[PDB]
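Participant: Have a look at this one before I ask anything.
Nothing in this text is a laboratory measurement; each read-out follows from the coordinates by a stated rule. FYI the Cβ positions are ideal-geometry reconstructions off the backbone, even for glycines, and counts take in every protein chain you see.
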DNA sequence: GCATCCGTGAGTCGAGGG
DNA sequence: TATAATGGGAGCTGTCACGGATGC
RNA sequence: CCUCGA
Ligand SMILES: [Mg+2]
Ligand SMILES: [Zn+2]
């Protein structure tokens, strides 16, 4: 589904370029674009082909969600939900209250919603995830190091895949693996099958596990010692 | 007095235990029939009745 | 009906009991309406009317033509503390919880 | 049962070896790695409930 | 839900290449790289910067980042300036720009069309320390290398040449990422050769081999001691949460007894130094490095007190002598020598 | 000063980077021979702190006279080793990632703020569907694309790169 | 025995699969020098 | 554990006992000077061998561990004073 | 309004054996 | 560095009570 | 994890 535009002279757009109706294609401005689309310059057929396509910004993942969260103007949304709170329907007032509670929490706290997405992942001090020589001279180490190493390998492979101009599918796969790495680091098992070390069915112990439960930090070392 | 190169890591009787020594086993690297986990030179087991 | 630790836990957690009594939302007089195959109890005020449809084998605490308080039990069983709170108010529920726990 | 599981792993490795490697020269010994079966028996006897 | 199922579906979207489509895309890639070299010849620009600008415009403004090797930061302004310098050339010099653009697009579609082969090869390397998807992505890296290096004129299929690089990348990833304590490639290869040797020896002996048997089977240069040290270096750590770490004391932080013992040692050394003159106590403290943390030379302490190094050495000697006398007398500092 | 309150709040990427003493660029722990920490790895003394009291990694400064001084040769601060319990590091992400607490704790705070359902937020975050930020006047099935629309993969391909087919 | 369907070639060998722990006279085992017991398990029988 | 020359666990319920008795100092002692307040426990042992009364406890080390693990969760946990101005339980050793 | 799937809890202290 | 090779594989499930989203 | 003790 495309539109052909033959050219007799030097062309002003190359392959891949995105273009709108009424743009300069070839012959010094003579033959122009009718339709919205993307340009294939056929040098064999000597025709500038324009395949119908838009310049849509449609993204995936935490990058997209972070943008949509940066965009949010809180006070406006608060006003909208207040206008919603006057609705006769009880369920609409219920949903508006549930949302407005979050909105006003962010408002009064001075927190930015976008911070619920991570750019710089923190890293725990090493002594809290030790690498120690046990009695017999062998080595023993916390699970957090294996989770962090997973994260760093995937992050670095992503950086290199980007620098080397990888196709879309490959970058999508790498970004998905990266999200799941951060997932398993922060709260392993929460989404998807829990990450395990090789040759064992034992879930690695993430930060959430360190904090909560009867064996967690609070009940095991803070409310009792 | 010069500080010695090595220090005392000997195996002592834990608090609240003791008795009569009735057996000693000694395994050494480089000795017949004896191969230990990598890095250990020798193993010594003392039995206390 | 429940005894022991399950009843105490049921009370301290403010759970709606499995076999729960049915209580009157308002005052009024009791008019019993029993078909051979179906049963209902009506609390009739001077200007208002409340209809409670309950399974036929439920035991009534209630004679025909008696004056029942708001939140008074009609059927036997445990009382839903939240229905009691909505009907009769806080002091009543404080009373009910303390006494029901102490029974055990 | 644990023997059966270790054998299943040994057979997965056997097929994985049958796809790789020289198709003309293969013995039973070149095909079979016993280690997973050993592991299954070792875990059943050391760490089973 | 399940990420490998998702990836296999996304891969099953792009259809497989026929001989003609494959050869065409590979040809376009070759001629586009040649066109980039020609654009470097004409423009005097950097071939890598030209390649990055052509690539940038092909993919979109969605991805333009800083490439490590480039001397210039790659941002939409510089790529616009460079693309306008590349659009301002004569028709026969503007031909190579279109060739390069087509080459980039062909390269993209070639990788995407061959992504199933990486899965079919990586499925064989599971259980080696890396997740299925990690093996897949490292194989995709190798596939990218193979696309950039492939030569269609040799008439070989692309699967043949790509398999070599895909295996190379998967194996490099295993050898570089599997161990929590990282080990160099050659050392990993030596360890795996050791393992195969030991396994063959146990298969023929009906028992696990000794260090000496492995060394003999390993050839010259290998003795029992070297087999032992190699296995010792290849030992991998174990989990603290097996918990297993709750039996592990802290040798680093000084115990309360040790802290109090050093406290009483400092206090008793000062008690003993007080029985000297302030100058000889100060000479000892400077020579032992107590005052500023380090020990001064005799010339520094002597210039500090304004005296000859022989004199300050004699003052230190007599101070040490009076200390030895007081200590032999009161026997106070004896216990602290262990 | 005496502790009176304890506050807890979300941490901004800038705040996180302010905690950090260095970025962990390599998934390396310690060296297989020296057993010492690797450069730019998870245990590096250049970031987290000295392993021995008042002694840099290479040994050029071994005493408390140097306090706060950063050795120029090995890049290790001369200070107490206790700091390896305290100093944070960080990892800089090629692409941002969602903190799963604010995703999977129902009802999702992120999903509540953006009026996105659990399913939709999952589909965007784990790369099953596109969310549109600007339609640039796109059209799907005759309806113009509205912002925050949920596009499948076929839809996004048909709109962004056009429709086509090949027949044998 | 290894059998190629096409070649018809047949190569057979006695391969060593490792060791199986032996039960002692009294019904116990010795695993890594320590005597151990395998406890019977009760469970729901297969069936309909 | 007896083999590790271990200490007895003073769990949540023992804490409840001490709270019920109102023995604030006994309990604070259990929580700081006797377990994981490092400066506190060293100073206490030295005080007792010197015949001195025990020094006032300070922050238990596992609370600092909790704070650092919450920072690892990308949550900022601030000890404040009554003027709502931060207090440094790490004594500057974790700030650049 | 009422069924249904998901997540999260379910005593302590010991000892040993690992 | 070149024969060609193109979508995984493990999978037993005897609790229960709570809030909350999801549907009819 | 298990078994054991209160
Ligand atoms: Mg030899
Ligand atoms: Zn140094």
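Participant: Take residue E:241 and tell me if it is crowded, with 18+ Cβ neighbours inside 10 Å, in a loop (DSSP other than H, G, I, E, B) and under 31 Å from the mean Cα position of the chain (by Cα).
Facilitator: Values: crowded, with 18+ Cβ neighbours inside 10 Å: yes; in a loop (DSSP other than H, G, I, E, B): yes; under 31 Å from the mean Cα position of the chain (by Cα): yes.
Against the criterion (crowded, with 18+ Cβ neighbours inside 10 Å, in a loop (DSSP other than H, G, I, E, B) and under 31 Å from the mean Cα position of the chain (by Cα)), residue E:241 qualifies.
Participant: Another question, if that's okay. Going through the stretch F:107-119 one residue at a time, which ones are within 7 Å of chain A (Cβ to nearest Cβ) and closer than 27 Å to residue E:5 by Cα?
Facilitator: F:110
Participant: Assess whether residue E:180 counts as being surrounded by 14 or more Cβ atoms within 10 Å (Cβ to Cβ), more than 16 Å from DNA strand I (Cβ to nearest atom), in a helix (DSSP H, G or I) and within 29 Å of the chain's Cα centre (by Cα).
Facilitator: No; evaluated as a whole, the condition is false for this residue.
Participant: All but one of (1) within 15 Å of DNA strand I (Cβ to nearest atom); (2) surrounded by fewer than 18 Cβ atoms within 10 Å (Cβ to Cβ) hold for residue H:31; which doesn't?
Facilitator: (2)
Participant: Take the stretch H:48-70 and flag every residue that is farther than 13 Å from residue A:217 by Cβ, facing another protein chain (nearest Cβ under 9 Å) and surrounded by 16 or more Cβ atoms within 10 Å (Cβ to Cβ).
Facilitator: Passing the criteria: only H:59.
Participant: Inside the stretch G:11-27, can you point out the residues that are more than 21 Å from residue D:44 (Cβ to Cβ) and within 11 Å of chain D (Cβ to nearest Cβ)? Give the steps one after another, and end with the answer.
Facilitator: Start the filter on the stretch G:11-27 by keeping residues that are more than 21 Å from residue D:44 (Cβ to Cβ), which leaves G:11-15, G:25.
G:11, G:12, G:13, G:14, G:15 - these are the residues of the stretch G:11-27 that are more than 21 Å from residue D:44 (Cβ to Cβ) and within 11 Å of chain D (Cβ to nearest Cβ).
Participant: Now, a different point. What about residue E:61, is it within 16 Å of DNA strand J (Cβ to nearest atom) and either out of contact with any strand residue (DSSP E or B) (no Cβ under 8 Å at 6 or more places or on another chain) or not in a helix (DSSP H, G or I) (or both)? Let's see the steps before the verdict.
Facilitator: Details: within 16 Å of DNA strand J (Cβ to nearest atom): no; either out of contact with any strand residue (DSSP E or B) (no Cβ under 8 Å at 6 or more places or on another chain) or not in a helix (DSSP H, G or I) (or both): yes.
No: the conditions fail for residue E:61.
Participant: While we're on this one: Would you mind stating whether residue A:123 is more than 7 Å from every other protein chain (Cβ to nearest Cβ), under 24 Å from residue A:61 (Cβ atoms) and crowded, with 18+ Cβ neighbours inside 10 Å?
Facilitator: On the way: more than 7 Å from every other protein chain (Cβ to nearest Cβ): no; under 24 Å from residue A:61 (Cβ atoms): yes; crowded, with 18+ Cβ neighbours inside 10 Å: yes.
The answer is no for residue A:123.
Participant: Residues of the stretch E:113-130 being surrounded by fewer than 20 Cβ atoms within 10 Å (Cβ to Cβ) and at the interface with chain A (Cβ under 9 Å from one of its Cβ atoms), which ones?
Facilitator: E:127, E:128, E:129
Participant: Inside the stretch A:44-86, can you point out the residues that are closer than 20 Å to residue A:23 by Cα and more than 7 Å from chain F (Cβ to nearest Cβ)? It would help to see each step written out before you state the result.
Facilitator: In the first step, residues of the stretch A:44-86 are kept if they are closer than 20 Å to residue A:23 by Cα; the result is A:46-56.
Answer for the stretch A:44-86, where residues must be closer than 20 Å to residue A:23 by Cα and more than 7 Å from chain F (Cβ to nearest Cβ): A:46, A:47, A:48, A:49, A:50.
Participant: Restricting to the stretch H:3-16, name every residue that is part of a loop (DSSP other than H, G, I, E, B) and more than 8 Å from every other protein chain (Cβ to nearest Cβ). Please lay out each step first, then the result.
Facilitator: Pass one, the stretch H:3-16, residues part of a loop (DSSP other than H, G, I, E, B): H:3-11.
Once the filter is applied, which keeps residues that are part of a loop (DSSP other than H, G, I, E, B) and more than 8 Å from every other protein chain (Cβ to nearest Cβ), the stretch H:3-16 yields H:6, H:7, H:8.
Participant: Right, another one. Hey, can you tell me all the residues within the stretch A:4-29 that are surrounded by 12 or more Cβ atoms within 10 Å (Cβ to Cβ) and more than 13 Å from every other protein chain (Cβ to nearest Cβ)?
Facilitator: First, the residues of the stretch A:4-29 that are surrounded by 12 or more Cβ atoms within 10 Å (Cβ to Cβ): A:5-7, A:10-20, A:23-27.
The answer is A:5, A:6, A:23.
Participant: Okay, next question. When the residues of the stretch F:66-106 are narrowed to those that are more than 7 Å from every other protein chain (Cβ to nearest Cβ) and farther than 30 Å from residue F:52 by Cα, which ends up farthest from DNA strand J (Cβ to nearest atom)?
Facilitator: F:103
Participant: Restricting attention to the stretch A:197-210, which residues are within 11 Å of chain E (Cβ to nearest Cβ) and exposed (fewer than 15 other Cβ atoms within 10 Å of the Cβ)?
Facilitator: Residues of the stretch A:197-210 that are within 11 Å of chain E (Cβ to nearest Cβ), as a first pass: A:197-200, A:202-206, A:209-210.
A:198, A:199, A:200, A:202 - these are the residues of the stretch A:197-210 that are within 11 Å of chain E (Cβ to nearest Cβ) and exposed (fewer than 15 other Cβ atoms within 10 Å of the Cβ).
Participant: Only one of (1) more than 7 Å from every other protein chain (Cβ to nearest Cβ); (2) in a loop (DSSP other than H, G, I, E, B); (3) within 16 Å of DNA strand I (Cβ to nearest atom) fails for residue A:190. Which number is that?
Facilitator: The single condition residue A:190 does not satisfy is (1).
Participant: Here are E:190, E:160: which of them is closer than 23 Å to residue E:21 by Cα and either part of a helix (DSSP H, G or I) or more than 23 Å from the chain's Cα centre (by Cα) (or both)?
Facilitator: From the options E:190, E:160, the qualifying one is E:160.
Participant: If you take the residues of the stretch E:7-19 that are more than 7 Å from DNA strand J (Cβ to nearest atom) and buried (at least 17 other Cβ atoms within 10 Å of the Cβ), which of them is nearest to residue E:109 (Cα to Cα)?
Facilitator: Filtering the stretch E:7-19 for residues that are more than 7 Å from DNA strand J (Cβ to nearest atom) and buried (at least 17 other Cβ atoms within 10 Å of the Cβ), the one nearest to residue E:109 (Cα to Cα) comes out as E:10.
Participant: From the residues in the stretch E:206-230 that are closer than 24 Å to residue G:19 by Cβ, in a helix (DSSP H, G or I) and within 14 Å of chain B (Cβ to nearest Cβ), which one is farthest from DNA strand I (Cβ to nearest atom)?
Facilitator: E:215
Participant: Going residue by residue through the stretch F:72-84, is there one that turns out to be within 22 Å of residue A:145 (Cα to Cα), part of a helix (DSSP H, G or I) and within 15 Å of ligand 2 (Cβ to nearest atom)?
Facilitator: yes
Participant: A further question on this structure: Run down G:47, G:27, G:18 and say which single residue is more than 27 Å from residue D:36 (Cβ to Cβ) and within 20 Å of the chain's Cα centre (by Cα). So that I can check it myself, show each step before the final result.
Facilitator: Details: G:47 fails: within 20 Å of the chain's Cα centre (by Cα); G:18 fails: more than 27 Å from residue D:36 (Cβ to Cβ).
Criteria check complete, one pass: G:27.
Participant: I've got another one for you. If we scan the stretch A:81-99, do we find a residue that is under 30 Å from residue F:15 (Cβ atoms), surrounded by 17 or more Cβ atoms within 10 Å (Cβ to Cβ) and more than 16 Å from ligand 1 (Cβ to nearest atom)?
Facilitator: yes
Participant: Residues to consider are F:154, F:122; find the one that is more than 8 Å from every other protein chain (Cβ to nearest Cβ) and within 25 Å of the chain's Cα centre (by Cα).
Facilitator: Details: F:154 fails: within 25 Å of the chain's Cα centre (by Cα).
It is F:122.
Participant: Take the residues of the stretch F:101-120 that are closer than 12 Å to residue F:150 by Cα and surrounded by fewer than 21 Cβ atoms within 10 Å (Cβ to Cβ): which is nearest to ligand 1 (Cβ to nearest atom)?
Facilitator: Step by step, filter the stretch F:101-120, then rank; the result is F:119.
Participant: Just to check your reading of the model, which residue among F:50, F:37 is under 22 Å from residue H:39 (Cβ atoms), within 14 Å of chain E (Cβ to nearest Cβ) and more than 16 Å from ligand 1 (Cβ to nearest atom)?
Facilitator: Values: F:37 fails: under 22 Å from residue H:39 (Cβ atoms).
Every option except F:50 fails the conditions.
Participant: Output the residue which, of all residues in the stretch E:84-105 that are surrounded by 21 or more Cβ atoms within 10 Å (Cβ to Cβ) and more than 7 Å from chain A (Cβ to nearest Cβ), is farthest from residue E:10 (Cα to Cα).
Facilitator: E:86
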